[PDB]
Structures are given as structure tokens and as C-alpha cells.
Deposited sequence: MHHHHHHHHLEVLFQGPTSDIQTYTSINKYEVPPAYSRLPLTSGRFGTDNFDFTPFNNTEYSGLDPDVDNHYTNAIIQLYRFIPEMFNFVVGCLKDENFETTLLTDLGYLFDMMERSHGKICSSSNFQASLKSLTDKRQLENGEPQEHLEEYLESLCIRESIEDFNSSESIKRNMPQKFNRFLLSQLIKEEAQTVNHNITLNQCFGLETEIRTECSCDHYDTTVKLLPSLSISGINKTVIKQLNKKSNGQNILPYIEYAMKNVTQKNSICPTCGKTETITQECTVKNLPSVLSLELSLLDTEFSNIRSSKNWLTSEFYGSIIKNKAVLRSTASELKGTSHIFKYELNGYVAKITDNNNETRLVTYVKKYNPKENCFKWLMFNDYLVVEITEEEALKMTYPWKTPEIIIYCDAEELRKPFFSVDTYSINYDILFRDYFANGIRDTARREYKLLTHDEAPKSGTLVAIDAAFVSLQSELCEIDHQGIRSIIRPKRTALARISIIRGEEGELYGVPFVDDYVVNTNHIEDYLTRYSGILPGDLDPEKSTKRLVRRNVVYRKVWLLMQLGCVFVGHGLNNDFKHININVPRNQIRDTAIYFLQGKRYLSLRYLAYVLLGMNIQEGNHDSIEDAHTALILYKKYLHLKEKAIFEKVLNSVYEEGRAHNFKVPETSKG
């Protein structure tokens, strides 16, 4: 419990506590003993054992980070995986340690794998079991993500090419079918797979990682199919970053452990011939034309437990602009601890093998990370309508209603149940719940007060198991064509509406909204929210909303199918009642009125 952020043990065989199976989070779980850094970690309550480590590997690429968050200025709804990654990236940067969930992104991943070298998606739709990770499944996802990001990067607004320009490896595929006759394809590949290697020089110059990259960039094999065709692969490109998918054998995997300093912090290299080998900045360059220097930016290692469980962790380097320095971080699921370079590169530990190494251009690893509000954003969907249904007495916004930093308006959202506890395997944990409706009403004092402006039902094609409108207000017609007299729209657009609001600094009021933000998968700052459940709180025993609608003023909002519209309305005018009682000196004089009167009334009065 106490010393779990210890990331080393004196025995090469004992796995340090920082690398082992964290306790499940499944209710006010306090994360401060697990992360003292200003860099958030990710909630492990997801379907995928492996993607968590990879997202962290990617968040600290300055060049890919700055792009994925960058495209959030514009409204890119159809490219689900890239803008949801952007919402996640923007989330992690601003939480500054606060726990993050990748739930939204994981839903978009499973969304497109369930849609149809198509064999990539089918294999990656092992979202369902996840021995918790199998061999080469991380590298399979590293390729899948980079591939399906670049495909989506062509469908932006003002279509950009940036990710290809840095993960683009021009692979010449020359298949010598006959003699004096060879066919060649040239494919742009996002990652470089170091896989399936035969008897290979590993001993002489020396035992470092560099030759392994060399073979994967210049090699031609004598195995195919009744022909046994021999085929040529070489890359005429040294891109800004190099995502290496390491995939070896366990025999080859413990020899590499014993060669000390097997990785390389920084390497330099160019292409002299149409082959490619790089030196160790030992200036062994036989000829010279444009030179490139690469430092290691991060990598994802697989941890085999002392109890023989498996997880993935992420080592990362980040440069500081106030002083020339490299800080190295390791990311267990929500365990984030700052460690020294020496321990971050060491591979002598048998329980640790590398799976996805990435190298990055030196001059642009030392490039800063830029917020999305470094740019200026399209806020249009706040003042427009984007409905996917045929088609709620609400009125839309007007440009004189430009929400500024501090606009107090009320929010309430409802969700539905898809999969239950699904537990007792290691107690497995409750996983699935998806949101369906969300309403934001005007709470700025004026002619337009208490008036809703967004009341949007969310599309959902997935299987519903419990609808439960005694608490949700969802008519079963939550599928896109058969609109339940409702304005159904995609999940991505109304996330943007909420995101834009907290991004500029609106103040949200409502009842237990941190729970609501947990389900819409967003993090609002502590000071940008007025929770009536926290204001009228007596240390415990969170009071109802129907009770206080009845016991603090005259409405009776109980026993009706909960209508997100008016529960946000009820929450709005209560935060104003809390304000009249706080401006006067009767705060606790009125606080002790009703939970004293409710204890003799069992906290439930006639409706």
C-alpha cells in the first residue's frame, strides 16, 4: 500500500510494486498516493488491456500530440477515432494529474471494428476477452491505430497530411519473381515491423539495437508461395518519428537482455546507398548528405507478473523549455511516477520485454507541446443544428449570447445500461454504460433564464439491456431512423458542445454533475462547477432532488419519468436559492432544517 511508487527492487527477479496489478477502481477512489506528477494517468476500467499504454506513448510525441489536439479547432465529426483521440489528448493535458478515462475513445474503436488486409479489424475486435494480452497484439494495434489515423487524416477539413509526413516510411517492395524481371510496389507504411528474423548478426559490430532497425529497413528474404519467390524491401525515407513494432522470440528475447545498454538513447544516421544503417553518433558515416539525429521519445514494455499476469507500461521522455533537460516518466495504469534515465532504459529484468519502441527527431522532440486554445476554434454547433433524425420546447442560442468565461447555465444528462457487473473472475468488473440524453438550459439572469438550448438524444446502435426510465427519460426509440419523437444526433457532436463550454469557461450547475461528466467522459475544473449535491451536503446522506424540490420550495418532481429538461431546471433555481440563503447569514440555520425534519420523516414525504 504505502510504498507502491517504488520502481526498483534489489533482486533482478522481483517485480517492483509500481509494475503490478493495481486494485480495481470500479466510488471516490483516491488517486493521490498513486500519482504525484502533473501528468494524468488513465482509468483501467476499459475493455482493452493494451490500448491504455499506447495512448500514453503517443500523448508525448510533440508532433503527433500537437496535431491531434490541433484538429479540435475544426468540427471533424466523421473522423471518429482522431477527434475522440483529440478530446482525450486535450483532456489529459489539462487535468494535470487528475484521473482520466479513455471510455469514449474505446467506444469509437469498437464502433469501427464492428463495421466490417481487412483482417486487422477482426483481430483487433478481441475487445471481448483480453492471459490478458497475447503476443504481438500491441504491435498489431500500434499499426492499426496509426493506419486508421492517417486514413482519417485525409478526411479532415482542409485535408492535412501531417501524420504521414512523420510516420511515412516509403517502402520499396521489389519482388524478384523472375531473373532480369522484377515487380516492385511502393507502399507508405506508418510503422516498421521488426518481426520473424533468421540467423542474424547480433554479436559483432556492437550488440546494440541499431542493426535491428537496419535489417528491417534493408532486407530481402527467400520464402514465399510452389515458387519460393524472393522479394526486396528497402526504405528511402528517414521520417520525423519511427514507430518500431518489436516482435521477437523468447529465445532471442533473453539474449538481448544480457547485452548491457542494448537500447540507444540517441542515434544519428542517413542513407548512403539505397540501404540504410545508422551509427551510435559514433561518426561512422562513409559519405554524407542530409543528416538526421534521433533521440528516443518513449516506448511500451510488457510486464510479466510474479504471479504470471501480464500488463503493459509506458516509459516516456519529456523536454523542459526552461532548462535543457530530459525528465523520464513511467505509466502504469493510474500509477505515474518520475524515474531516472538509467532505470528507464535498463533491460536486465527478465519480467520486462519491449513491445513498441518509438524514436523521434531530436530538434522536434525539444519542440514544445501546444494547447488547442493556442488556436481559435469553430464554436458553430453551439448556434447551429446538426440532427441525424427526422424530427422538446427549447430555444437555440444567438450570437449576442456569446458564452464567456463564467456563464452560469445548468446541465443534466441521462444514460442507459448495456452490460452489468460481469464480475467474480478475479473478485472482471462492471464495464459498460452509455449516455442517451443531455440538456443544457440557460441560467444567466435575464429574459432568457431557465430556458433550454440543447436537448439532444444521442445515437446508439449497440445492444441495450436496461432502459429504466423510472430514472432516465429515454423513450425506447433511441435508434437513428425510428426517432422516439426526439432529435437524435451523434455522440461526437454533443460532446463538442459540452467540450466547447468548459473550454471557454462556462459554469455548470446541477445535481451530482461530476457523475454526469464521468459518463459523458469529460473533466471540468473544480472551480467551474456548482454542484447542489455538494452545497446541501451534511457530511454524508446525499439528499434527493425530488425531496428538495418538495422540501425547499413547492414543486413535486417525483414519480414522473425523470425528464432531464426539468431536473436541470430544478437544479438551476436551487443554486439560486442556495445563493439567497448564503448572501443572508442563514446558511446552516436553514441547512439543519430538513435533514433534521427528514430523519423524523424518513427522508421521503408524500408525493
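In this chain, the deposited residues that lack C-alpha positions fall in the ranges 1-17, 44-48, 139-144, 159-168, 244-248, 269-275, 442-446, 483-488, 669-672.
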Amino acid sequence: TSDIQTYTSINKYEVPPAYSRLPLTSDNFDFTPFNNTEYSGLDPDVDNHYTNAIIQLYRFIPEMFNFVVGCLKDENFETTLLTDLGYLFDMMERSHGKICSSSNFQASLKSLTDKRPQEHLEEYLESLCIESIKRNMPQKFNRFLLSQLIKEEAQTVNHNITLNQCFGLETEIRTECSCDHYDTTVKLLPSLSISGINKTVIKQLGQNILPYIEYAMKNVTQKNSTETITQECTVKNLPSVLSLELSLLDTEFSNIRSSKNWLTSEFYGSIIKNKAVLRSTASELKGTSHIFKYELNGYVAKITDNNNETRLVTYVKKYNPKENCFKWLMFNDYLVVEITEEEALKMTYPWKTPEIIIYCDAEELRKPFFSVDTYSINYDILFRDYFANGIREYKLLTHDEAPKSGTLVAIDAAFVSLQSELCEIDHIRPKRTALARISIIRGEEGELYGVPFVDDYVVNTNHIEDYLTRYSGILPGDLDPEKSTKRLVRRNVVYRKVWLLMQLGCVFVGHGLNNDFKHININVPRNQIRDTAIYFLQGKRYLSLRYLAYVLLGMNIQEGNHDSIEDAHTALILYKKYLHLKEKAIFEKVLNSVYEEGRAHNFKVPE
From here on, numbers count along this sequence of modelled residues.
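Higher mean CA temperature factor, per the PDB entry, when comparing 529-537 with 257-265: 257-265. For the segment pair 307-315 and 380-388, the entry gives 380-388 the higher mean B-factor, averaged over Cα atoms. Set against one another, the Cα B-factors of 138, 446, 298, 168 in the record reach their highest point at 446. In this structure the maximum Cα B-factor among 187, 442, 302, 116 is found at 116.
In the PDB entry, residue 201 places in the highest third of its chain by CA B-factor. Residue 177 sits in the highest third of its chain by CA B factor, as recorded in the PDB entry.
Among the modelled residues of the chain, residue 28 sits in the highest third by CA temperature factor in this PDB entry. Ranked against the other modelled residues of its chain, the C-alpha B-factor of residue 211 as given in the entry falls in the middle third.
Ranked within its chain, residue 232 lands in the middle third, by CA B factor from the PDB record.
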